[PDB]
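> Here it is, the structure, as structure tokens.
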Amino acid sequence: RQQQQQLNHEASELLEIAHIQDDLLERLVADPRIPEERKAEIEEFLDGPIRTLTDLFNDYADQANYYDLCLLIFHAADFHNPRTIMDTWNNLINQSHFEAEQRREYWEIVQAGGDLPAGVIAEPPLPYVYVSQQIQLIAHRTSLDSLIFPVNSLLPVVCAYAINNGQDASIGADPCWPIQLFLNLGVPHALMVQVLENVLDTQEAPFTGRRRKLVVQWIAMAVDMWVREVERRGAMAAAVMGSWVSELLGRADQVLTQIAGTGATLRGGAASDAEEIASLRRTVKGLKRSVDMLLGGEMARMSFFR
Amino acid sequence: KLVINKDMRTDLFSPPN
Amino acid sequence: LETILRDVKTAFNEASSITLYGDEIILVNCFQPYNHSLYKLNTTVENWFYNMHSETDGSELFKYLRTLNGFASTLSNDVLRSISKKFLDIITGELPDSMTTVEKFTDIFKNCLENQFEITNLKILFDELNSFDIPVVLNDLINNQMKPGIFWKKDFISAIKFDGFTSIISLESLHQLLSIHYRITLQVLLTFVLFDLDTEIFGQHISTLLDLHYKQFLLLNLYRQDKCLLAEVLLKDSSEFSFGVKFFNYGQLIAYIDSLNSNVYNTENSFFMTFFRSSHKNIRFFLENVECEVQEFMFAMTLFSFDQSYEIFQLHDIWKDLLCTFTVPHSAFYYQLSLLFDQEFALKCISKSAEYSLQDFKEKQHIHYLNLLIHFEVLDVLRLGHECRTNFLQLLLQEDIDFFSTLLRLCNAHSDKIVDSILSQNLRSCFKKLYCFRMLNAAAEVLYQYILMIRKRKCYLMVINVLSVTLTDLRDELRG
Amino acid sequence: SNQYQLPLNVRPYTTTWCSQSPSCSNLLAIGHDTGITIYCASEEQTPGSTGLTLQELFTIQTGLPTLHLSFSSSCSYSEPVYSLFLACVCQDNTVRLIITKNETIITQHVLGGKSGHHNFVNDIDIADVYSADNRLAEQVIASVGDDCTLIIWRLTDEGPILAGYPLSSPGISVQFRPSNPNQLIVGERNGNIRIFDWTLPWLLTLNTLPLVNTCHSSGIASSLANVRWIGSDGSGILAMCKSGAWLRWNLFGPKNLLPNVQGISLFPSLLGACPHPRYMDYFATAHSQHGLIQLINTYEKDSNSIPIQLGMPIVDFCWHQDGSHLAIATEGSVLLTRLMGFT
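Protein chains in written order, with this note's numbering: chain A, 599 to 904; chain B, 21 to 37; chain C, 25 to 504; chain D, 12 to 354.
This is the structure in structure tokens:
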């Protein structure tokens with residue numbers, strides 16, 4: 599069995615590298631922004647024996663700014679470097695945002711009569727939709743167990759992008775879209791709330807001032823899903839949550855009381871979000887109630903008939 | 021085994037020779 | 025970095041040619057594109073500044089300034105900074121308005137100057153100082169040289185379009201003038217703290233100087249904090265000259281710079297704080313400084329962008345939200361703060377406001393408080409409160425559903441209509457039977473019987489104990 | 012090193028030994044978000060590696076954050092009962108003196124509002140002043156803030172005497188002179204350093220800004236972190252910049268024309284220097300953000316000694332009076348570490 603596994607493992611690693619190399623070669627040959635003279639040179643060195651991950655990264659993936667394949671390379675190489683990983687995530691998000699904005703612009707010109715730039719093939723997804731498509735494609739290929747998904751660093755970055763680029767209600771997007779994304783991808787509920795707590799305590803920009811209203815809304819949505827999950831898992835077994843989650847919702851209520859007060863005394867006139875915040879207060883209290891009941895004994899009596 | 025070396029590469033956007 | 029920056033600058037600035045800008049303006053064009061050097065005719069005071077260790081002759085005022093610099097130049101930078109700070113403190117009230125001038129000067133001396141200079145240089149300075157008719161020289165310095173002129177508009181050619189060149193040349197020139205002013209003002213003030221100069225006779229001058237020093241400091245601070253912003257607020261200050269200026273000779277230029285000086289020493293502070301808010305760190309010095317009702321609120325919103333902020337705000341009484349809050353004018357303010365930090369500050373403010381207040385507002389506040397508490401008792405409180413929007417409560421309890429159960433148990437223990445019914449319905453929506461029983465403490469019995477329609481024995485038993493016809497039936501069933 | 016945990020919900024802000032009073036020098040106070048906690052340091056048998064362990068004695072609840080903390084000479088022990096006097100700064104921008112018998116606050120004085128500082132308070136210190144007859148005549152607290160004010164708060168036999176003095180810039184540190192309570196030092200953010208006789212212009216002002224050796228440019232912003240007296244007669248003055256640049260001046264003989272010595276720490280010093288209570292030439296400075304501590308010798312005996320590196324940020328630190336032990340508060344704990352060389 600040992601000799602079998604060692605060969606199955608060598609073939610699995612070399613197959614992972616080979617697919618990366620094939621994805622690169624195909625993309626480079628098809629890229630409009632690559633001169634023909636270079637493409638023939640790329641085809642010579644990549645359509646043959648499998649190359650090392652260093653070369654694939656330095657000589658090709660990094661030169662062409664294929665940041666998604668850079669991340670797959672950091673995964674195949676067991677690359678321990680959080681800072682470079684996050685730099686690559688930041689470049690991939692920004693590159694995709696600019697590409698989505700460009701395609702929506704070209705569209706708006708068609709729907710208005712103008713002419714596109716020469717050699718531009720004529721309702722493309724909003725930028726936050728194309729961005730999260732890129733995150734999904736990588737996650738399914740790396741399985742979320744990778745070091746290219748440090749949720750403690752990657753979730754705040756994605757939330758930062760949503761704020762600093764208005765990927766919120768103004769354009770008709772769900773303001774909780776970053777949370778939906780990582781939950782559906784299979785991030786455990788406890789880890790989400792744990793990170794969101796750290797976002798709220800440290801107050802790193804842009805998560806500052808009255809925009810912590812949005813952080814509280816993410817916490818509300820995450821805890822809500824967590825509660826639903828626990829209730830579902832209890833019914834499941836008929837046929838972890840600590841007091842820290844309750845404390846976190848209390849502080850969240852205090853943040854909302856602070857934001858509303860500051861909003862009422864702003865220069866130029868009171869803030870327009872008065873009832874929007876009052877609603878969030880009710881939701882947060884409802885969640886603290888549910889969490890308090892579960893913590894207080896209703897969680898050990900979930901498999902029992904009522 | 022990966023080793024990044026931004027120093028000396030080959031200009032991916034220039035022909036050879 | 026220090027060195028490379030200096031060298032790069034120096035390189036960029038290598039001289040190449042002369043251009044006579046306007047009629048008579050000496051301009052030098054440098055090796056690096058976008059780099060030019062203007063050579064500006066000095067004003068009187070600038071000539072004094074740039075020729076301390078030279079001027080053979082010089083007026084009385086010059087000689088006086090030279091001797092003041094002769095003493096002040098022996099002090100170190102740390103000492104001088106600590107003295108400047110103290111002069112700011114006199115205006116800010118950090119040196120209480122309650123103190124006499126002599127007392128503030130004594131404070132300053134003991135904390136900053138004592139043991140920090142050579143007594144020999146003090147003697148030199150005192151001697152030289154005794155030759156001057158001080159009131160006259162100070163009069164000429166403050167009321168002629170430094171405090172600029174009232175204008176009846178003296179033709180500063182109004183620019184039709186933004187002129188970036190004259191903009192930066194103006195700002196840099198202003199900065200040089202005010203830096204020189206700053207150094208002079210500080211040296212004179214210094215002489216006022218060191219010697220027994222009648223604090224009543226010179227009371228006017230001293231307060232003018234402390235007023236001027238302060239303004240100087242502020243400007244210079246803003247200059248190095250954000251030049252673009254400073255220029256923008258300083259040119260949108262003058263209405264007819266909103267776009268900028270043109271000058272074709274040295275007189276027009278000097279007159280424009282002086283004009284800006286006037287602006288600084290005399291509507292500006294508000295326009296600039298407003299534009300800024302719409303330089304975080306500086307405005308702390310300058311909300312401790314430049315603030316000393318309106319200043320209070322400014323201090324609040326600035327210190328929020330947290331303990332100090334909340335305290336000040338309460339004691340007294342993003343931009344869009346602030347405007348909304350102002351229009352509303354405590355509840356609104358706290359709600360806004362909470363929203364903006366959504367954290368400790370937020371939660372605290374929200375809770376405090378909610379407490380001070382105690383359909384939409386009520387519900388929102390309640391929900392927020394409950395959520396914050398469950399994140400960090402609260403449940404039972406809110407419930408009893410609202411009882412004394414039913415579906416809302418149904419949803420809140422929906423979120424609540426272990427901690428919730430514990431809280432309910434606690435409430436029941438304490439006790440030993442609408443609320444009861446809602447609870448029963450939610451519970452009806454092992455575990456289930458238990459919760460139902462606990463709450464109803466007939467409902468229990470009914471639920472158990474329904475579920476039954478080891479487990480059997482346990483149920484029958486529980487039923488019999490609770491009841492203590494039914495018992496007989498249960499016994500017969502267990503025996504059958 | 013031995014490590015002693017602070018309570019789980021206690022965030023430390025400040026750490027200081029009671030070196031100011033020999034009766035109580037084994038007392039350690041931690042100012043945190045709900046008050047001030049007192050620990051006792053004892054010689055266990057241990058191994059004589061760290062022959063010193065920490066015993067947590069009690070916690071004084073105040074209900075709000077404590078940012079700066081200073082014991083007074085008035086501290087005493089009795090059998091058992093501790094009689095404490097603490098100066099500190101609270102979240103409400105007040106400066107307070109709290110007098111206790113163990114964890115119970117029997118007495119409290121508060122200086123705040125407009126009568127107090129008009130901005131953030133940056134530092135505080137305390138000394139006991141006795142008359143000629145040698146009863147306790149006054150307790151004197153000095154504090155500095157961002158309102159460009161230095162405040163001298165004297166509590167006397169006939170009651171409080173308050174005085175304010177203006178500063179040319181925000182006050183960032185203050186400390187009375189050792190063996191001479193008549194003199195004190197005040198630090199301005201801008202690099203100014205004031206020597207002051209409060210019994211009385213104020214006597215002297217040095218400045219570190221223009222003195223930077225510039226062999227290596229200390230940078231554009233070299234905000235003054237700290238100035239402290241050194242020696243037991245307060246024979247010297249040491250100033251440290253945020254940049255790590257430090258300078259030392261002595262005060263005796265003949266005429267003087269420059270600072271006596273100057274240098275630069277390997278790292279920035281956000282918290283400033285903490286001079287050794289027994290070896291004038293030595294002081295400690297932290298890279299608080301990465302959790303390293305450099306030990307510097309003024310006469311260059313040092314040659315970069317970094318006895319302490321944690322894998323965590325350092326919140327504060329201070330020397331035990333014995334000169335071989337160090338107490339360090341980190342974000343969740345306090346460590347007592349013994350450097351064998353100083354024994």
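Even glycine gets a Cβ: it sits at the ideal position worked out from N, Cα and C.
#1: Name the residues in the segment 672 to 688 of chain A whose C-beta lies less than 7 Å from a C-beta of chain B; which are they?
#2: Evaluate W687(A) with the Cβ neighbour count: other Cβ atoms within 10 Å of its Cβ, from every protein chain shown; 16 or more gives buried, anything less gives exposed.
#3: Using beta carbons (cut-off 9 Å, strictly below), is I162(D) in contact with chain C?
#4: Measure the Cβ-Cβ separation of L347(C) and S303(C) and say whether it is below 9 Å.
#5: Let me make sure I understand the geometry here. Which of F903(A), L783(A), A898(A) and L892(A) has the alpha-carbon closest to that of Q422(C)?
#6: Would you mind stating whether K886(A) and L854(A) have Cβ atoms separated by less than 9 Å?
#7: Assign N145(D) to buried or exposed, taking buried as 16 or more other Cβ atoms, counted over all protein chains shown, within 10 Å of its Cβ.
#8: Between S34(D) and the rest of its own chain, which residues show a CB-CB distance below 8 Å, the 5 nearest in sequence each way excluded?
#9: Count the other C-beta atoms from every protein chain shown that fall within 10 angstroms of the C-beta of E624(A), then say buried if there are 16 or more, exposed otherwise.
#10: Quick one: what's got a C-beta closer than 7 Å to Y88(C)'s C-beta in the same chain, skipping five residues either side?
#11: So, for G245(D): in the same chain, excluding its five sequence neighbours on each side, which residues have a beta-carbon less than 7 Å away from its beta-carbon?
#12: What's the gap between the Cα of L406(C) and the Cα of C435(C)?
#13: Is the CB of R636(A) under 9 Å away from at least one CB in chain B?
#14: At 7 Å on the CB atoms, spell out the chain A contacts of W72(C), in chain order.
#15: Mind checking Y358(C): buried by the 16 CB within 10 Å criterion, or exposed?
#16: Can you have a look at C226(D) and say buried or exposed, based on whether 16 or more other CB atoms are within 10 angstroms of its CB?
#17: Residues of chain D with CB closer than 7 Å to the CB of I398(C), please, in chain order.
#18: Taking DSSP as the reference, what is the three-state secondary structure of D134(D)?
#19: Mind listing, in chain order, the continuous alpha helix (DSSP H) runs of no fewer than 4 residues lying wholly within the segment 194 to 248 of chain D?
#20: Would you say the beta carbon of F655(A) comes nearer than 8 Å to a heavy atom of the ligand COA?
#21: Are any of the Cβ atoms in chain D nearer than 9 Å to that of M123(C)?
#22: I think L420(C) touches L394(C), with their Cβ atoms under 8 Å apart; what is that distance to the nearest whole Å?
#23: Please compile the residues from chain B whose C-beta is within a distance smaller than 9 Å of the C-beta of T740(A).
#24: Go ahead and label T48(D) buried or exposed: buried means 16 or more other beta carbons lie within 10 angstroms of its beta carbon, across all protein chains shown.
#25: Given a cut-off of 9 Å, decide if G283(D) and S344(D) are closer than it, judged by their beta-carbon atoms.
#26: Please identify the residue among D102(C), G82(C) and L432(C) whose C-alpha is closest to the C-alpha of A250(D).
#27: Do you know how far the Cα of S741(A) is from the Cα of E639(A)?
#28: Could you give the distance in angstroms between the alpha-carbon of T806(A) and the alpha-carbon of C757(A)?
#29: Say whether chain A places a C-beta atom closer than 9 Å to the C-beta of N395(C).
#30: Anything in the segment 829 to 852 of chain A with a Cβ closer than 9 Å to a Cβ of chain C? List those residues in chain order, please.
#31: Mind listing the chain C neighbours of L262(D)? Cutoff is C-beta to C-beta under 7 Å, in chain order.
#32: Please compile the residues from chain B whose C-beta is within a distance smaller than 8 Å of the C-beta of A662(A).
#33: Quick test of the definition: if touching needs 3 or more C-beta pairs under 8 Å, does the segment 190 to 209 of chain D touch the segment 231 to 244 of chain D?
#34: Is it a yes or a no for the segment 665 to 684 of chain A touching the segment 704 to 722 of chain A, going by three-plus beta-carbon pairs under 8 Å?
#35: What is the DSSP secondary structure of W257(D), counted as helix, strand or coil?
#36: Return the residue from the list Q709(A), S751(A) and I761(A) that minimises the CA-CA distance to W775(A).
Checking against the coordinates, here is how it stands:
#1: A675 and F677
#2: By one-based count along the first sequence, residue 687(A) stands at place 89. Buried is the call here.
#3: For the purposes of this step, residue 162(D) is taken as residue 151 along the fourth sequence, with counting starting at 1. In terms of beta-carbon proximity, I162(D) lines the interface with chain C, with at least one pair separated by less than 9 Å.
#4: Taking the third sequence and counting its residues from 1, one reaches residue 347(C) at position 323. Taking the third sequence and counting its residues from 1, one reaches residue 303(C) at position 279. No. Outside cutoff.
#5: Residue mapping note: residue 422(C) aligns to position 398 of the third sequence, counting from 1. Of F903(A), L783(A), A898(A) and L892(A), the residue nearest in Cα terms is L892(A).
#6: Along the first sequence, one-based indexing puts residue 886(A) at 288. Along the first sequence, one-based indexing puts residue 854(A) at 256. Against a cut-off of 9 Å, the Cβ pair of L854(A) and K886(A) comes out as no contact.
#7: Here residue 145(D) corresponds to residue number 134 of the fourth sequence, with the count starting at 1. Result: exposed.
#8: Taking the fourth sequence and counting its residues from 1, the one referred to as residue 34(D) is at position 23. Counting only Cβ-Cβ distances below 8 Å, and skipping sequence neighbours, we find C86, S87 and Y88.
#9: Indexing the first sequence from 1 puts residue 624(A) at position 26. With fewer than 16 Cβ atoms within 10 Å of its Cβ, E624(A) is classed as exposed.
#10: By one-based count along the third sequence, residue 88(C) stands at place 64. Take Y88(C), set aside five residues on each side of it, and the residues of its chain with a beta-carbon closer than 7 Å to its own are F156 and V161, in chain order.
#11: As a first step, residue 245(D) must be located in the fourth sequence, where it is residue number 234. Within the same chain, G245(D) has close Cβ partners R188, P189, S190 and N191.
#12: By 1-based counting over the third sequence, the position of residue 406(C) is 382. By 1-based counting over the third sequence, the position of residue 435(C) is 411. Their Cα atoms are separated by approximately 12 Å.
#13: In the first sequence, counting from the first residue as 1, residue 636(A) sits at position 38. True, the Cβ-Cβ gap to chain B drops below 9 Å.
#14: Residue 72(C) sits at position 48 when you count from the first residue of the third sequence. Per Cβ cutoff of 7 Å: no residues; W72(C) is ~43 Å from chain A at best.
#15: Start at 1 with the first residue of the third sequence, and residue 358(C) comes out as number 334. That one is buried.
#16: If you number the fourth sequence from 1, residue 226(D) lands on position 215. Flag for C226(D) reads exposed.
#17: For this step, residue 398(C) is matched to residue 374 along the third sequence. Residues of chain D passing the Cβ test: none, with the nearest at roughly 17 Å.
#18: By 1-based counting over the fourth sequence, the position of residue 134(D) is 123. Strand, per DSSP.
#19: none
#20: What this structure holds is no ligand at all, so the ligand COA is not there to describe.
#21: In the third sequence, counting from the first residue as 1, residue 123(C) sits at position 99. Yes, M123(C) counts as interfacial toward chain D.
#22: Within the third sequence, residue 420(C) is the residue found at index 396, counting from 1. Within the third sequence, residue 394(C) is the residue found at index 370, counting from 1. Contact holds; Cβ gap of about 7 Å.
#23: Indexing the first sequence from 1 puts residue 740(A) at position 142. The premise fails here: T740(A) is roughly 16 Å from chain B at the closest Cβ pair, so nothing lies under 9 Å.
#24: What you label residue 48(D) is simply residue 37 of the fourth sequence in a count that begins at 1. With a threshold of 16 other beta carbon atoms within 10 Å, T48(D) meets it and is buried.
#25: Position 333 of the fourth sequence, counted from the start, is the residue given in the question as residue 344(D). Position 272 of the fourth sequence, counted from the start, is the residue given in the question as residue 283(D). Cβ atoms of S344(D) and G283(D): not closer than 9 Å.
#26: Indexing the fourth sequence from 1 puts residue 250(D) at position 239. Comparing Cα positions, the closest option is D102(C).
#27: Numbered from its first residue, the first sequence carries residue 639(A) at position 41. Numbered from its first residue, the first sequence carries residue 741(A) at position 143. Taking the straight line joining both Cα atoms gives about 34 Å.
#28: On the first sequence, residue 806(A) is found 208 positions in, with the first residue counted as 1. On the first sequence, residue 757(A) is found 159 positions in, with the first residue counted as 1. Taking the straight line joining both Cα atoms gives about 13 Å.
#29: Counted from its first residue, the third sequence places residue 395(C) at position 371. So, interface residue.
#30: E829, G832, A836, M839, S841, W842, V843, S844, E845, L846, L847, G848, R849, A850, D851 and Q852
#31: Position 251 of the fourth sequence, counted from the first residue, corresponds to residue 262(D). Ordered by position in chain C, the residues that pass the 7 Å Cβ test against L262(D) are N139.
#32: On the first sequence, position 64 is the one that residue 662(A) refers to. Those are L32, listed as they occur along chain B.
#33: yes
#34: In short, these stretches do not touch, since the Cβ pair count stays below three.
#35: Taking the first residue of the fourth sequence as position 1, residue 257(D) is located at position 246. Residue state, collapsed to three classes: strand.
#36: Start at 1 with the first residue of the first sequence, and residue 775(A) comes out as number 177. The shortest CA-to-CA distance from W775(A) to any of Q709(A), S751(A) and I761(A) is the one to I761(A).
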